[PDB]
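Engineer: Before I ask anything, here's the sequence and the deposited coordinates:
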Amino acid sequence: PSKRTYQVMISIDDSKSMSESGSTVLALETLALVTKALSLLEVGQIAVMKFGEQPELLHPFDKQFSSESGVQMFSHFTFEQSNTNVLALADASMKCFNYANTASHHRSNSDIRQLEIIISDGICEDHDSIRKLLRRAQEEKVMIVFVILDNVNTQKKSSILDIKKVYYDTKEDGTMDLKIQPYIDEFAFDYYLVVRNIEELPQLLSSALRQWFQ
């Protein structure tokens with residue numbers, strides 16, 4: 001291995017689609033599985049935010065310093081058990097955008113890449129907001145990762161159609177452009193991927209590793 005100084009914020013969806021237990025459990029437990037199994041070394045730490053209709057910081061980078069804090073605090077931070085929210089993308093984005101990056105920037109006084117991991121199931125109700133959110137991230141040199149839930153909490157046939165329908169509509173109505181949602185992810189480096197479950201994480205980590213590298 002070799003030097004890779006950076007810090008990471010992980011933002012986990014707390015909207016209505018997370019109301020199915022499969023979505024919340026796998027997303028939060030996996031973050032916890034990773035964190036617990038992870039040599040969360042000096043190279044970079046993890047800050048975690050929850051977000052629905054509004055973002056909530058669950059904890060700062062160095063707050064749940066001990067994995068034990070995570071062992072108990074995942075319950076402390078239980079996501080809505082029966083979720084009825086929407087994703088206020090613009091706010092969730094600006095909250096972690098400003099917080100994680102500013103905190104990292106000041107906190108460590110060093111050569112740290114700013115990475116944000118986005119865990120959600122797809123297109124947001126206000127995805128149009130991306131044109132500015134993207135703009136801001138670009139200007140500020142902020143790196144992101146987008147993990148797309150298969151439109152969880154909707155019939156599997158609908159997980160597909162809900163997102164493809166936006167595309168289908170995009171094709172006819174010249175007003176519309178699905179691209180704005182995928183757009184936020186500059187996939188040349190800031191790759192995004194639709195997944196079924198937590199076992200696609202090794203792909204992410206590995207792809208991300210090369211981006212962690214350089």
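Structural biologist: Great, that's in hand. Residues are numbered from 1 along each chain as shown.
Engineer: residues near residue 183, how many?
Structural biologist: 15 (other CB atoms under 10 Å). (C-beta placed from N, C-alpha, C; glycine too.)
Engineer: so how far is residue 190 from it?
Structural biologist: Spatial separation of residue 183 from residue 190 under the definition CB to CB, to the nearest Å is 11 Å.
Engineer: Then residue 178?
Structural biologist: 18 Å.
Engineer: Same check on residue 63?
Structural biologist: Noted for residue 63: a distance of 26 Å to residue 190, by CB to CB.
Engineer: now do residue 149
Structural biologist: From residue 149 across to residue 190, the span is 18 Å (CB to CB).
Engineer: can you check residue 26 too?
Structural biologist: Remark: distance between residue 26 and residue 190 (CB to CB) = 23 Å.
Engineer: For the chain, which residue occupies the most central location?
Structural biologist: Closest to where the C-alpha atoms of the chain average out (CA atoms, centre = their mean) is residue 118, at 1.1 Å.
Engineer: helix or strand for that one, which one?
Structural biologist: Here residue 118, judged by DSSP states H and E, is contained in strand 113-120.
Engineer: what packs against that strand?
Structural biologist: strand 6-13, helix 89-107, strand 143-149 (3 or more CB pairs under 8 Å, 6 or more residues apart in numbering; DSSP states H and E).
Engineer: so which of the ones you listed comes closest to residue 19?
Structural biologist: With distances scored as CB to CB, the stretch of the helices and strands packed on strand 113-120 nearest to residue 19 is strand 6-13 (10.8 Å).
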